[PDB]
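Form deposited in one PDB entry, single chain, as structure tokens, below.
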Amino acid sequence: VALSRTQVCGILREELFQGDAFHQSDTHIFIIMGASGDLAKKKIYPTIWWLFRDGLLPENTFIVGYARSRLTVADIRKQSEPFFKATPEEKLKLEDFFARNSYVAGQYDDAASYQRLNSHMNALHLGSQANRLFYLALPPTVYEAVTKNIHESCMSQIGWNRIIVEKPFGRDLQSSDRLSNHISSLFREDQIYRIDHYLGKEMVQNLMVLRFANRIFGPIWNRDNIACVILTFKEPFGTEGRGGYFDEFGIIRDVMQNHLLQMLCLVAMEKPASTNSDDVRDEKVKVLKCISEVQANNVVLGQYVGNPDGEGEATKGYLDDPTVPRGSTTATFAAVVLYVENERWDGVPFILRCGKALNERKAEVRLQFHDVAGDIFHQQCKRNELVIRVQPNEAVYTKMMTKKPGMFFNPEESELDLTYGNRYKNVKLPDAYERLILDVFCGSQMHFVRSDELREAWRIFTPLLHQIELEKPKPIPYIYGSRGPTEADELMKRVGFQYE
């Protein structure tokens, strides 16, 4: 039997209600700092709406917008409601949602503006007691000011205070440390939520059960059995005339140093002492501490060019973006190989491969197993694989050999679906991002990057990023819609990976 999207929300609501960590009865205030900006308009307001609509917020929740512009809730609603995908059935819930919304104009480094915000909050029903959740939907160039002022003027004295922080988390170890040390002098680790929009909560929890609940998979999750691991993140669209911001960061900073490294950690970790957030993040950090600074011989960069035979956007290269400097050498593609130098993984290449303007949307973890030690089937045996796909359609499946009916033993490659076993025919999930914000309401930090974790991430990548900035290597061109530079394929072959 299948589970609808609405039945999954019933199960979740019931779990939130039974559990101590989500306080359904207490008052909550959700503060969107930067409520006028595009992130708020297109992602945050719609998503807090989805939570509200799904019955997954505490019943007493208020949304307070705060930005420089002098706006009404009516304005917020006009700019944001198109991205809510609201239906006619939801007209009542949408009224009730907007009734819980308010806006406060202010400057980001003006103490008086923050006192108005605090008074505004205090003036809500039970505002002085509410749990306060601050979403910092702002460039990190104002984070020092905003976190300073929030701490001085805006903290609940009764409820908890939690802040959600957006990438970039610096651009290297030293800038990351300046920002992280600043925020840490004001907020405890258990108040800081560094979010990863791309972390697929359902698939990472599937993976943990698959590995840690089962003798079939746990004993082969090591270098004696695994030839390589591939972490793939692919977008088919380029920068869409908006690449100016990206151009200052590049693909490694954008998605690899943060998101792909988290996935590596979840694949490579030792079994945690428990499923508590900090036991799990302890094991994520132990992994990073076993990884050496990556060197350039393990890296292939590319930059997309237009396709002469394309139509629409496909005909334009990265440099044809009007907001991108002519002769920028910033990479829109990287393939990178890391090693986890410990008992479980030494020698196993972890291959991170991502880019824009590629052939498909795909986000995926692939374990490719070694060949059998001694093939009694005339070399017909392909390497087994375990694939966890997140980004197009979620799936867990194992590629393996099976007998073809007939005389003697002719194995053929086959696939089995391990997504929810035999149990559930269809499963329609809540948005992963919706679930991630819900985590912050529940006090669950497992899938958010910890300070120690972040430092290790920057140590790994920083020598290389500095070297790229100083040596300015020309990245390899690749046609829009292709799989990227063929040199990425060569790096993968060279370190142990097999295609056909």
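Don't overthink the numbering: it's just position in the shown sequence, from 1. Only the largest set of C-alpha atoms that superpose within 1.5 Å between the two forms is called the rigid core. Shifts are known only where both forms have a C-alpha.
There is another form of the same protein, the form deposited in another entry; it is not shown, and what comes next is about it.
In a rigid core superposition between this form and the one not shown, 206 is the single residue of 307, 206, 156, 298 whose Cα is displaced by 2 Å or more. With the core held fixed between this form and the one not shown, residue 384 has its Cα displaced by under 2 Å.
A movement of the C-alpha atom of residue 125 falling short of 2 angstroms is seen between this form and the one not shown when the two forms are aligned on their rigid core. A movement of the C-alpha atom of residue 180 falling short of 2 angstroms is seen between this form and the one not shown when the two forms are aligned on their rigid core.
Between residue 441 and residue 200, the C-alpha separation shrinks by 3 Å or more in the other form, relative to the conformation displayed. The distance between the CA atoms of residue 205 and residue 251 is at least 3 Å shorter in the other form than in the form shown here. Taking the core as fixed, the parts between this form and the one not shown where three or more residues in a row have CA shifts of 2 Å or more are 198-202, 204-207, 404-409, 418-428.
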